[PDB]
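Here the structure comes first, spelled out in structure tokens, and everything after it is commentary.
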Amino acid sequence: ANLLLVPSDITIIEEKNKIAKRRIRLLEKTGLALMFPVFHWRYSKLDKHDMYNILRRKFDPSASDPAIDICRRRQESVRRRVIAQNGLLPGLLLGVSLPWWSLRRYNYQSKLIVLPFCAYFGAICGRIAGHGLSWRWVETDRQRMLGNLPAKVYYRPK
Amino acid sequence: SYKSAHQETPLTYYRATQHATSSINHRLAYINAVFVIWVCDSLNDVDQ
Amino acid sequence: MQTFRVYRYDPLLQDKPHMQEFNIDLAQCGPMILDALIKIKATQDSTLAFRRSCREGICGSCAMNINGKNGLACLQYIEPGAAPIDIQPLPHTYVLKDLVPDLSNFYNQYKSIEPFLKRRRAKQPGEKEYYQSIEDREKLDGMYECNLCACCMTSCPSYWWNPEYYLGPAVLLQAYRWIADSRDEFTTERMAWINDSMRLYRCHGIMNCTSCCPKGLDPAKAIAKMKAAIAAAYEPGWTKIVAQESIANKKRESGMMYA
Amino acid sequence: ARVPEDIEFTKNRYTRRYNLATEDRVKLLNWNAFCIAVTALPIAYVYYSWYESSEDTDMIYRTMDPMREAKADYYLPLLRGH
Amino acid sequence: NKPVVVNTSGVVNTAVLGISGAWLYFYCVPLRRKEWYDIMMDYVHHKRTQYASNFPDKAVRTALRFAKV
Amino acid sequence: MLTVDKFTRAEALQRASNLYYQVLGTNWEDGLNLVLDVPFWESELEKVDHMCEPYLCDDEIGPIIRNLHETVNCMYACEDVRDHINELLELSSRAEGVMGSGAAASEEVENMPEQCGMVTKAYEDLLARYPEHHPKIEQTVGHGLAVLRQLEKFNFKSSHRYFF
Amino acid sequence: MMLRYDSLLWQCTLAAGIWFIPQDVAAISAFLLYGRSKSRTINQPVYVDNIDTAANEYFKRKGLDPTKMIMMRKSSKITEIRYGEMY
Ligand SMILES: CCCCCCCCCCCCCCCCCC(=O)OC[C@H](COP(=O)([O-])OCC(O)COP(=O)([O-])OC[C@@H](COC(=O)CCCCCCCCCCCCCCCCC)OC(=O)CCCCCCCCCCCCCCCCC)OC(=O)CCCCCCCCCCCCCCCCC
Ligand SMILES: CCCCCCCCCCCCCCCCCC(=O)OC[C@H](COP(=O)([O-])OCC(O)COP(=O)([O-])OC[C@@H](COC(=O)CCCCCCCCCCCCCCCCC)OC(=O)CCCCCCCCCCCCCCCCC)OC(=O)CCCCCCCCCCCCCCCCC
Ligand SMILES: CCCCCCCCCCCCCCCCCC(=O)OC[C@H](COP(=O)([O-])OCC(O)COP(=O)([O-])OC[C@@H](COC(=O)CCCCCCCCCCCCCCCCC)OC(=O)CCCCCCCCCCCCCCCCC)OC(=O)CCCCCCCCCCCCCCCCC
Ligand SMILES: CCCCCCCCCCCCCCCCCC(=O)OC[C@H](COP(=O)([O-])OCC[N+](C)(C)C)OC(=O)CCCCCCCCCCCCCCCCC
Ligand SMILES: CCCCCCCCCCCCCCCCCC(=O)OC[C@H](COP(=O)([O-])OCC[N+](C)(C)C)OC(=O)CCCCCCCCCCCCCCCCC
Ligand SMILES: COC1=C(OC)C(=O)C(C/C=C(\C)CC/C=C(\C)CC/C=C(\C)CC/C=C(\C)CC/C=C(\C)CC/C=C(\C)CC/C=C(\C)CCC=C(C)C)=C(C)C1=O
Ligand SMILES: CCCCCCCC/C=C\CCCCCCCC(=O)OC[C@H](COP(=O)(O)OCCN)OC(=O)CCCCCCC/C=C\CCCCCCCC
Ligand SMILES: CCCCCCCC/C=C\CCCCCCCC(=O)O[C@H](COC(=O)CCCCCCC/C=C/CCCCCCCC)COP(=O)(O)OCCN
Ligand code: SF4
Ligand code: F3S
Ligand code: FES
Ligand SMILES: [K+]
């Protein structure tokens with residue numbers, strides 16, 4: 001048999017209610033660039049491309065339509081996710097450079113033992129800082145769910 | 001005029017023992033745990 | 001016609017050490033490895049150098065690495081086979097010549113623990129041997145038999161990495177022998193000195209020491225007991241005890257000692 | 001290489017040469033300085049994190065339980081699943 | 001199905017002890033918890049020199065020279 | 001020192017004596033012991049000097065202060081010399097290569113005998129300068145020379161007492 | 001160098017591989033299983049006999065004009081529909 005991929009219902013609403021293009025802020029551009037690629041063995045998660053489309057559309061701030069309100073809430077959730085990605089790179093670089101300078105005079109074995117762990121720990125610290133500064137720790141479960149709704153869904157006949 | 005030589009690392013030739021190998025596994029338990037967490041973290045980000 | 005490969009190094013030439021293969025007829029040679037080495041030296045290449053004295057296994061001068069496992073050549077048996085027998089000096093030691101190792105550091109470490117009975121009161125006049133029951137004397141059975149061959153010393157990976165900071169299985173075994181001895185009255189001083197991260201706690205329980213001991217002693221067992229005793233008996237004042245003993249050694253000559 | 005042959009070794013506590021032992025002590029201070037700074041992350045997470053289903057939670061307490069005393073009739077199947 | 005009150009102190013306290021105990025154990029009791037101290041002592045301690053070239057010093061030195069300090 | 005704390009002479013004697021034995025009883029050979037503890041010794045030593053200042057002529061506290069200061073002088077001096085020896089040993093180890101095979105062997109020390117001559121001269125200076133700390137000097141510097149003696153054949157007065 | 005199969009280096013590697021690989025694969029598989037459990041609930045693959053009939057039905061239900069929707073075949077068994085006029 002065959003599988004059909006179509007835009008999700010929430011994607012349809014966003015297209016219908018968009019009024020213009022939305023400028024992509026500097027941190028949003030860097031965040032999208034630094035986001036890892038997401039191979040799709042199956043479709044269940046938003047990738048960097050889907051997030052770009054969400055951030056590109058512009059909605060009316062004053063619109064009281066419940067559907068438009070959901071679109072704005074989804075966009076804000078995605079924005080916080082994207083800008084949070086900027087924290088990964090600084091942590092990784094500091095996680096490697098700082099220990100490496102500290103152990104510069106020591107033998108090669110020490111650098112092999114210590115740097116890999118410090119690199120991962122630095123990245124972890126960067127990701128925590130990025131997500132914390134992006135207001136992700138205060139999002140309600142509702143906002144988080146909207147930001148994670150898939151953009152593409154397998155079509156279900158009938 | 002005379003100098004003494006220094007042998008290579010014994011790891012390449014010294015005979016192994018069952019207890020010696022197990023001790024290494026005991027010391028590497030945490031290293032493996034970190035490795036697995038990293039693999040799962042990567043998969044959660046790059047797969048599906 | 002067994003084939004013997006022997007580690008060779010000329011201190012004067014200082015060339016890269018290499019393995020040289022000799023062919024010996026086991027029919028005209030003694031069962032033990034040391035006999036093969038002597039026959040090689042006597043007949044084929046007299047330049048070969050190695051330490052040997054006892055032939056009984058008691059002295060411990062002929063420690064070598066045969067087929068990757070340390071042992072005494074005089075007690076080791078020749079195992080004929082197609083695969084050549086490889087003979088090398090003790091692992092991670094500075095070779096003075098051919099198979100003769102440089103064990104000066106081992107001797108220095110042994111002298112550090114001060115392996116002589118210490119008592120607070122000198123032998124009073126008219127006093128005979130110190131009292132010691134059979135039960136107490138039995139505690140030393142597995143520890144006073146060490147021949148100081150250093151097979152265990154060079155089989156411990158922790159000794160490979162930190163030879164100049166880690167006392168090693170042999171020296172730690174002897175340290176506990178004096179601690180366990182009932183006649184000795186400086187038990188706390190000895191435990192305080194040995195209670196060091198480098199000296200004692202580099203032992204990771206690998207057990208390569210007990211496996212290769214020619215005399216069948218159990219350095220790993222003794223090292224484990226010493227750790228348990230130290231942990232239970234530690235007091236805040238041990239550091240001061242070490243210092244006071246160091247002051248008592250102020251007028252000693254140069255060399256390793258309690259300090 | 002050729003190590004310098006005119007090193008002025010330390011003579012006492014007030015006439016000291018700079019050696020790797022002193023540099024290691026500086027490492028100890030810096031690594032411990034990092035531990036103080038990195039403690040802000042876990043503390044920040046606990047102080048700032050919130051766990052709420054939606055914005056209705058606050059509205060419910062404001063209108064139906066302002067004093068955190070109003071008892072509610074319990075119906076076990078709701079949160080018990082069955 | 002409609003109790004007047006629900007007893008939660010017992011269940012909550014049990015969870016607190018189980019979660020707290022496991023975390024405090026892993027972080028306090030085991031000797032394995034000092035594995036990183038051992039590895040550093042075995043392979044990293046006192047294995048340092050100032051008379052051997054290393055990339056971090058070379059990189060800093062070249063940049064300073066390039067910018068004339 | 002800037003402090004408002006006050007101590008009696010009995011307390012000052014106890015603090016000075018405790019620090020003196022803590023330093024002397026510590027194993028100076030292990031580099032990490034000095035790295036970890038020296039920061040604590042200096043902080044205490046500053047306090048001890050401040051409180052023991054009026055007792056520098058005291059018949060009990062006075063001698064303790066002199067020994068404490070002398071011991072700290074010897075600790076720094078021995079550490080500096082042994083620190084240099086460790087560098088020489090580390091250079092020799094790296095010159096062996098990977099797995100001691102020479103796979104990526106570095107450049108050897110071309111003036112090893114000169115360094116041995118320099119280190120032994122410093123070792124002799126410590127013995128003359130600190131006649132009451134020979135046990136500690138032999139522990140750190142004397143043992144270090146013995147390790148070097150394995151790498152290079154050089155002569156020092158106490159060589160025979162280290163089985164060389 | 002002198003290399004032997006019964007060496008500590010080689011034997012340790014085999015011991016480590018036997019001890020850890022079975023654990024790691026199980027642990028990784030368990031995490032993959034958890035991801036699959038959430039994935040199927042959020043978006044389960046559904047198979048359609050004919051793409052054209054399904055695509056027409058999709059446009060009718062959502063009130064989308066087929067002209068402005070671009071249909072492409074990513075793979076043999078995968079067909080994706082996208083908005084033609086998308087920023
Ligand atoms: C626009 C662009 C341009 C402008 C930019 C902005 C400018 C702003 C200016 C004003 C602000 C300045 C900010 C402070 C910076 C000051 C830095 C400083 O002073 O450094 C001193 C320091 C020297 O001092 P030292 O103590 O002697 O150190 C010796 C060495 O550093 C040896 O060091 P080591 O070997 O011991 O290793 C060091 C390392 C040791 O550690 C490590 O290596 C390991 C690190 C940990 C392991 C894990 C790694 C993971 C890393 C994670 C990173 C974070 C991730 C999360 C964040 C992500 C991003 C969101 O230390 C650390 O990593 C410790 C870090 C401690 C962090 C403390 C944070 C404080 C937070 C305060 C609170 C917040 C603010 C207040 C508000 C509070 C509100 C509640 O200099 C260096 O570090 C330089 C090293 C490189 C040398 C070359 C450069 C210097 C020039 C040398 C020339 C020599 C020439 C000689 C010539 C001789 C012949 C003529
Ligand atoms: C009672 C027992 C208790 C025990 C407790 C012990 C706890 C230990 C905890 C250790 C830390 C683990 C933290 C994991 C956090 C992640 C999971 C998570 O939070 O998920 C939810 C959530 C993430 O899920 P999500 O919401 O779906 O968002 C998606 C991600 O954010 C998307 O993430 P992302 O996009 O932001 O970043 C993805 C991430 C993941 O990384 C990747 O994606 C990597 C991808 C790699 C691709 C490579 C491609 C190569 C291609 C080669 C091609 C070859 C071709 C050959 C061809 C041959 C042909 C013949 O990337 C990185 O991390 C950076 C890159 C990797 C850097 C490190 C590389 C070196 C690895 C070193 C390994 C060390 C072990 C050595 C083993 C040795 C074995 C012998 O987390 C967050 O949002 C926050 C993340 C940060 C949380 C950190 C929490 C830290 C907790 C620390 C507690 C410490 C306690 C222990 C005591 C105290 C110690 C100081
Ligand atoms: C995955 C992400 C994370 C990866 C790792 C990231 C690494 C960066 C961490 C940054 C945080 C701070 C790091 C330590 C700061 C410095 C502390 C310090 O100096 O204290 C004195 C320090 C000992 O301090 P201590 O706190 O009294 O002793 C800790 C004891 O564990 C006694 O501890 P306790 O009794 O207080 O008990 C609490 C214990 C509790 O410990 C734990 O909770 C368990 C952790 C066990 C270790 C796990 C990792 C094992 C990795 C081994 C190394 C890799 C081997 C190679 C493998 C790859 C081969 C390709 O806490 C610790 O062990 C310390 C925690 C912080 C550092 C270790 C973080 C491990 C994170 C593990 C996350 C994954 C957990 C999975 C669990 C799975 C469960 C089934 O001694 C030394 O520095 C010795 C140095 C010897 C070499 C000479 C070096 C030069 C000396 C000059 C000064 C240099 C200072 C810097 C040293 C490090 C240079 C690289
Ligand atoms: C004498 C012994 C001294 C021992 C000292 C031990 C110190 C231990 C330090 C642990 C720090 C743990 C910090 C966790 C992070 C908390 C951040 C946070 O949100 O805090 C605010 C919040 C405030 O809660 P809240 O309800 O207002 O909400 C804040 C916002 N949310 C809900 C999102 C978190 O909670 C706390 O205050 C946390 C508890 C802090 C306890 C810290 C340790 C107390 C040690 C007391 C020592 C008693 C001495 C006894 C002798 C007295 C003699 C006079
Ligand atoms: C003086 C005496 C004192 C005695 C103190 C005794 C302390 C020990 C007691 C154990 C307490 C355990 C508490 C676990 C937390 C509560 C359970 C929980 O949150 O799950 C429900 C939650 C609730 O999920 P939920 O949201 O679906 O719940 C709603 C339920 N329905 C749908 C039916 C309505 O379950 C989950 O989230 C699923 C995952 C559960 C993960 C369980 C973790 C177990 C931790 C094991 C640690 C083992 C460490 C040691 C290992 C050694 C190995 C050799
Ligand atoms: C230096 O000596 C040593 C000590 O001091 C004595 C130690 O204490 C210790 C103990 C220290 C520890 C246990 C600390 C931890 C140590 C670890 C983790 C190991 C560190 C050492 C290493 C990682 C080894 C360094 C890296 C290597 C040797 C590289 C390994 C890879 C190799 C050799 C493959 C390279 C092969 C090639 C380039 C050949 C290429 C082939 C071709 C081009 C053929 C092409 C063919 C066709 C047909 C086209 C060790 C291990 C040691 O080696
Ligand atoms: C058969 C033998 C098995 C033995 C092994 C047992 C392992 C048991 C499981 C792992 C125990 C270690 C702690 C696991 C914590 C997992 C917490 C968790 O469920 O995270 C989600 C949870 C709930 O989120 P909700 O908003 O309600 O739902 C949103 C959907 N996720 O999120 C959080 O609160 C995450 C907090 C992350 C903090 C990270 C830092 C933690 C540092 C302390 C580590 C403690 C480890 C040990 C604790 C004891 C474990 C028994
Ligand atoms: C030592 C090497 C350093 C290398 C550079 C590292 C830079 C790191 C920056 C990237 C990582 C940061 C975390 C990831 C981003 C989180 C998300 C985010 O954008 O956070 C902001 C909030 O987070 C922050 O603002 C984080 C700021 C981090 C920097 C704090 C320091 C600021 C002062 C810098 C002084 C620089 C001096 C330069 C001197 C020049 C002299 C010539 C979210 O708020 P918004 O809703 O977007 O809008 C907020 C305002 N309406
Ligand atoms: S314990 Fe055995 S192998 Fe080690 S020195 Fe003593 S007799 Fe020799
Ligand atoms: S082999 Fe070594 S690690 Fe201990 S158990 Fe024996 S002395
Ligand atoms: S010659 Fe002495 S033990 Fe063999
Ligand atoms: K006794």
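In the structure tokens, the first chain shown is A, the next is B, and so on; residue numbers restart at 1 for each chain, and ligands run from 1 in the order shown.
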Select the residues contacting ligand 3 at a distance of at most 8 Å, based on only C-alpha atoms and all ligand atoms, then format the selection as a short mmCIF file (atom, residue, chain, number, x, y, z; two decimals) with N, CA, C and O atoms, in the first residue's frame.
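Result file follows (part14.cif):
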data_model
loop_
_atom_site.label_atom_id
_atom_site.label_comp_id
_atom_site.auth_asym_id
_atom_site.auth_seq_id
_atom_site.Cartn_x
_atom_site.Cartn_y
_atom_site.Cartn_z
N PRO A 99 38.73 23.47 29.52
CA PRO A 99 39.52 22.35 30.03
C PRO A 99 40.80 22.13 29.25
O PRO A 99 41.82 21.77 29.84
N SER A 102 43.37 24.38 30.44
CA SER A 102 43.78 23.99 31.78
C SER A 102 44.73 22.80 31.74
O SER A 102 45.70 22.76 32.51
N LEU A 103 44.49 21.84 30.86
CA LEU A 103 45.31 20.65 30.77
C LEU A 103 46.35 20.74 29.66
O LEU A 103 46.83 19.71 29.19
N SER A 110 45.48 12.46 29.38
CA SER A 110 44.56 13.26 30.18
C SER A 110 43.55 13.97 29.29
O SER A 110 42.36 14.03 29.63
N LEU A 112 42.44 13.07 26.34
CA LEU A 112 41.47 12.10 25.86
C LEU A 112 40.48 11.73 26.96
O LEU A 112 39.29 11.54 26.68
N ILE A 113 40.95 11.60 28.19
CA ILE A 113 40.06 11.20 29.28
C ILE A 113 39.09 12.32 29.63
O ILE A 113 37.89 12.08 29.83
N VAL A 114 39.58 13.55 29.71
CA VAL A 114 38.80 14.62 30.32
C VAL A 114 37.99 15.39 29.29
O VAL A 114 36.82 15.70 29.52
N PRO A 116 36.46 14.81 26.33
CA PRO A 116 35.15 14.33 25.87
C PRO A 116 34.05 14.54 26.89
O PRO A 116 32.94 14.96 26.54
N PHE A 117 34.33 14.28 28.17
CA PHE A 117 33.31 14.46 29.18
C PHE A 117 33.02 15.93 29.42
O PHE A 117 31.85 16.32 29.58
N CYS A 118 34.05 16.76 29.46
CA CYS A 118 33.82 18.19 29.66
C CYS A 118 33.08 18.79 28.48
O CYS A 118 32.25 19.69 28.65
N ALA A 119 33.36 18.31 27.27
CA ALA A 119 32.65 18.81 26.10
C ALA A 119 31.16 18.55 26.22
O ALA A 119 30.34 19.45 26.03
N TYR A 120 30.79 17.32 26.56
CA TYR A 120 29.38 16.99 26.71
C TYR A 120 28.76 17.77 27.87
O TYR A 120 27.65 18.29 27.75
N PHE A 121 29.48 17.87 28.98
CA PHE A 121 28.95 18.61 30.12
C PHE A 121 28.76 20.08 29.78
O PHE A 121 27.77 20.70 30.18
N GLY A 122 29.71 20.66 29.05
CA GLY A 122 29.56 22.04 28.64
C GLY A 122 28.34 22.25 27.76
O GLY A 122 27.59 23.21 27.94
N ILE A 124 25.67 20.41 27.73
CA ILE A 124 24.50 20.24 28.59
C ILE A 124 24.22 21.52 29.36
O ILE A 124 23.08 21.97 29.46
N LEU B 28 34.53 0.78 34.43
CA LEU B 28 33.98 1.41 33.24
C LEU B 28 32.46 1.49 33.27
O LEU B 28 31.85 1.93 32.29
N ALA B 29 31.82 1.10 34.38
CA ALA B 29 30.37 1.10 34.42
C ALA B 29 29.82 2.50 34.21
O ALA B 29 28.87 2.70 33.44
N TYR B 30 30.39 3.49 34.89
CA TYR B 30 29.90 4.86 34.74
C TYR B 30 30.19 5.41 33.36
O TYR B 30 29.37 6.13 32.78
N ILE B 31 31.36 5.09 32.80
CA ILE B 31 31.69 5.58 31.46
C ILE B 31 30.66 5.09 30.46
O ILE B 31 30.21 5.85 29.59
N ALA B 33 27.58 4.28 31.12
CA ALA B 33 26.30 4.93 31.39
C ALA B 33 26.24 6.30 30.72
O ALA B 33 25.23 6.66 30.12
N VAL B 34 27.32 7.07 30.82
CA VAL B 34 27.35 8.37 30.15
C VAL B 34 27.24 8.18 28.65
O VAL B 34 26.55 8.94 27.96
N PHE B 35 27.93 7.18 28.11
CA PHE B 35 27.87 6.94 26.68
C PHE B 35 26.45 6.66 26.23
O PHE B 35 25.99 7.20 25.22
N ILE B 37 23.59 7.49 27.67
CA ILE B 37 22.78 8.69 27.77
C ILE B 37 23.02 9.59 26.58
O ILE B 37 22.09 10.18 26.02
N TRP B 38 24.28 9.73 26.16
CA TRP B 38 24.58 10.55 25.00
C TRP B 38 23.94 9.98 23.74
O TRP B 38 23.42 10.73 22.91
N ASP D 24 49.31 24.61 39.39
CA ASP D 24 48.26 23.67 39.76
C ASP D 24 47.35 24.25 40.83
O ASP D 24 46.13 24.08 40.78
N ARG D 25 47.93 24.94 41.81
CA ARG D 25 47.11 25.58 42.83
C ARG D 25 46.18 26.61 42.22
O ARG D 25 45.05 26.80 42.68
N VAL D 26 46.64 27.31 41.18
CA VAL D 26 45.77 28.24 40.48
C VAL D 26 44.65 27.49 39.77
O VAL D 26 43.51 27.95 39.74
N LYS D 27 44.96 26.32 39.21
CA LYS D 27 43.90 25.51 38.63
C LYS D 27 42.86 25.13 39.67
O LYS D 27 41.66 25.17 39.41
N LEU D 28 43.32 24.76 40.87
CA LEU D 28 42.38 24.38 41.91
C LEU D 28 41.41 25.52 42.21
O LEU D 28 40.20 25.29 42.36
N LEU D 29 41.92 26.74 42.30
CA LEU D 29 41.04 27.87 42.56
C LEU D 29 40.06 28.09 41.42
O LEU D 29 38.88 28.36 41.65
N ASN D 30 40.53 27.98 40.18
CA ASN D 30 39.66 28.25 39.04
C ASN D 30 38.60 27.18 38.88
O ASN D 30 37.43 27.49 38.62
N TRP D 31 38.98 25.91 39.01
CA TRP D 31 37.98 24.85 38.91
C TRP D 31 36.95 24.97 40.02
O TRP D 31 35.76 24.72 39.80
N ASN D 32 37.38 25.35 41.22
CA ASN D 32 36.42 25.55 42.30
C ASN D 32 35.59 26.81 42.08
O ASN D 32 34.44 26.87 42.51
N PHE D 34 34.57 27.67 39.17
CA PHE D 34 33.54 27.21 38.25
C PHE D 34 32.42 26.50 39.00
O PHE D 34 31.24 26.66 38.67
N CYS D 35 32.77 25.71 40.02
CA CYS D 35 31.75 24.99 40.78
C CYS D 35 30.79 25.95 41.47
O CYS D 35 29.59 25.67 41.57
N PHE E 26 23.45 7.07 45.77
CA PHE E 26 24.35 7.12 44.62
C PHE E 26 25.40 8.21 44.79
O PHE E 26 26.55 8.04 44.39
N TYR E 27 25.02 9.33 45.39
CA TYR E 27 25.91 10.47 45.54
C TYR E 27 26.78 10.41 46.79
O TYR E 27 27.71 11.20 46.90
N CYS E 28 26.49 9.51 47.73
CA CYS E 28 27.22 9.54 49.01
C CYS E 28 27.88 8.22 49.38
O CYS E 28 29.02 8.22 49.84
N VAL E 29 27.18 7.10 49.23
CA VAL E 29 27.62 5.83 49.81
C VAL E 29 28.68 5.11 48.97
O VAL E 29 29.74 4.77 49.50
N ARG E 32 32.51 3.46 44.18
CA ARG E 32 32.57 3.76 42.75
C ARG E 32 32.38 5.24 42.49
O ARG E 32 32.86 5.76 41.47
N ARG E 33 31.70 5.94 43.39
CA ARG E 33 31.46 7.36 43.19
C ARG E 33 32.76 8.15 43.14
O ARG E 33 32.75 9.30 42.68
N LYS E 34 33.86 7.58 43.61
CA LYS E 34 35.17 8.22 43.54
C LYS E 34 36.01 7.68 42.39
O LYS E 34 37.24 7.71 42.45
N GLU E 35 35.36 7.19 41.34
CA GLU E 35 36.08 6.64 40.19
C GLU E 35 36.85 7.73 39.45
O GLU E 35 37.97 7.49 38.99
N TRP E 36 36.27 8.92 39.32
CA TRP E 36 36.95 9.97 38.57
C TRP E 36 38.20 10.44 39.29
O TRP E 36 39.19 10.79 38.65
N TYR E 37 38.18 10.44 40.62
CA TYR E 37 39.38 10.78 41.37
C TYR E 37 40.49 9.78 41.11
O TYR E 37 41.67 10.15 41.00
N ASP E 38 40.14 8.50 41.00
CA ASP E 38 41.15 7.47 40.78
C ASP E 38 41.77 7.58 39.40
O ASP E 38 42.99 7.48 39.25
N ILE E 39 40.94 7.78 38.38
CA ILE E 39 41.46 7.85 37.01
C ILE E 39 42.44 9.01 36.88
O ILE E 39 43.52 8.86 36.31
N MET E 40 42.08 10.17 37.42
CA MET E 40 42.99 11.31 37.35
C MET E 40 44.30 11.00 38.05
O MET E 40 45.38 11.35 37.54
N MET E 41 44.25 10.37 39.22
CA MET E 41 45.48 10.05 39.93
C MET E 41 46.32 9.05 39.15
O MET E 41 47.55 9.14 39.12
N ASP E 42 45.67 8.07 38.52
CA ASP E 42 46.41 7.03 37.82
C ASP E 42 47.15 7.58 36.61
O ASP E 42 48.33 7.29 36.40
N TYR E 43 46.47 8.37 35.78
CA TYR E 43 46.97 8.69 34.45
C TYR E 43 47.26 10.16 34.21
O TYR E 43 47.98 10.47 33.26
N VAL E 44 46.73 11.07 35.02
CA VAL E 44 46.89 12.49 34.76
C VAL E 44 47.84 13.16 35.74
O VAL E 44 48.52 14.12 35.37
N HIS E 45 47.92 12.69 36.98
CA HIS E 45 48.68 13.39 38.00
C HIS E 45 50.17 13.37 37.69
O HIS E 45 50.71 12.36 37.22
N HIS E 46 50.82 14.50 37.93
CA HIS E 46 52.26 14.73 37.82
C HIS E 46 52.82 14.41 36.44
O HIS E 46 54.04 14.31 36.28
N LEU F 32 49.90 16.11 44.93
CA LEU F 32 48.53 16.56 45.18
C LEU F 32 48.32 16.96 46.63
O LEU F 32 47.49 17.83 46.91
N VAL F 35 49.36 20.54 46.74
CA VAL F 35 48.45 21.37 45.95
C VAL F 35 47.16 21.62 46.73
O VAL F 35 46.68 22.75 46.81
N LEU F 36 46.60 20.56 47.32
CA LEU F 36 45.32 20.70 48.00
C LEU F 36 45.46 21.39 49.35
O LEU F 36 44.59 22.17 49.74
#
Which residues of chain B are close to chain G, meaning at most 9 Å apart when you count only C-alpha atoms, and how do they look as number ranges by chain? B: 8, 10-18, 20-22, 24-25, 28-29, 32-33, 36-37, 39-40, 43-44, 48
Just the number, please: distance in Å from CA of residue 73 in chain C to atom 4 (Fe, counted along the ligand's line) of ligand 11, one decimal. 6.0 Å
Report, in Å to a single decimal, how far apart CA of residue 253 in chain C and CA of residue 65 in chain F are.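 That distance, rounded to one decimal, is 26.3 Å.
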Pull the helix (DSSP H, G or I) assignments for range 163-241 of chain C out of DSSP run on the backbone, and list those residues as a tab-separated table (two decimals) with C-alpha atoms, in the first residue's frame.
chain	number	residue	atom	x	y	z
C	168	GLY	CA	53.37	-1.98	45.26
C	169	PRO	CA	52.03	-5.39	46.30
C	170	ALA	CA	55.30	-6.68	47.76
C	171	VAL	CA	56.13	-3.70	49.97
C	172	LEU	CA	52.53	-3.37	51.18
C	173	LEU	CA	52.47	-7.07	52.07
C	174	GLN	CA	55.58	-6.62	54.21
C	175	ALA	CA	54.17	-3.50	55.85
C	176	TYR	CA	51.15	-5.46	57.06
C	177	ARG	CA	53.43	-8.25	58.26
C	178	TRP	CA	54.95	-5.91	60.83
C	179	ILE	CA	51.57	-4.37	61.64
C	180	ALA	CA	50.10	-7.82	62.28
C	187	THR	CA	51.18	-0.45	65.11
C	188	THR	CA	49.53	2.97	65.06
C	189	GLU	CA	52.64	4.70	63.70
C	190	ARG	CA	52.92	2.21	60.85
C	191	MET	CA	49.24	2.44	59.96
C	192	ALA	CA	49.35	6.24	60.01
C	193	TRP	CA	52.30	6.37	57.60
C	194	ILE	CA	50.85	3.82	55.20
C	208	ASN	CA	47.55	-9.85	39.00
C	209	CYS	CA	49.75	-9.95	42.11
C	210	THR	CA	48.38	-13.12	43.71
C	211	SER	CA	48.21	-14.96	40.38
C	219	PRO	CA	49.40	-10.04	48.61
C	220	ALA	CA	45.91	-8.98	47.53
C	221	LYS	CA	44.36	-10.58	50.61
C	222	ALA	CA	46.87	-8.87	52.90
C	223	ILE	CA	46.43	-5.50	51.20
C	224	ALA	CA	42.66	-5.76	51.65
C	225	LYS	CA	43.00	-6.53	55.36
C	226	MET	CA	45.33	-3.57	55.90
C	227	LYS	CA	42.82	-1.19	54.32
C	228	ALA	CA	40.02	-2.48	56.54
C	229	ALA	CA	42.13	-2.16	59.68
C	230	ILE	CA	43.18	1.39	58.81
C	231	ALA	CA	39.63	2.50	58.08
C	232	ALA	CA	38.30	1.21	61.40
C	233	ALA	CA	41.20	2.50	63.52
C	238	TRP	CA	47.27	10.25	63.33
C	239	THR	CA	48.86	13.10	61.37
C	240	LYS	CA	50.53	14.38	64.53
C	241	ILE	CA	51.79	10.87	65.24
Just want the residues within 10 Å of ligand 7, written as a ChimeraX atom specification, counting only C-alpha atoms and all ligand atoms. /A:128,137,139-141,144-145 /D:42,45-46,49-53 /E:15-27
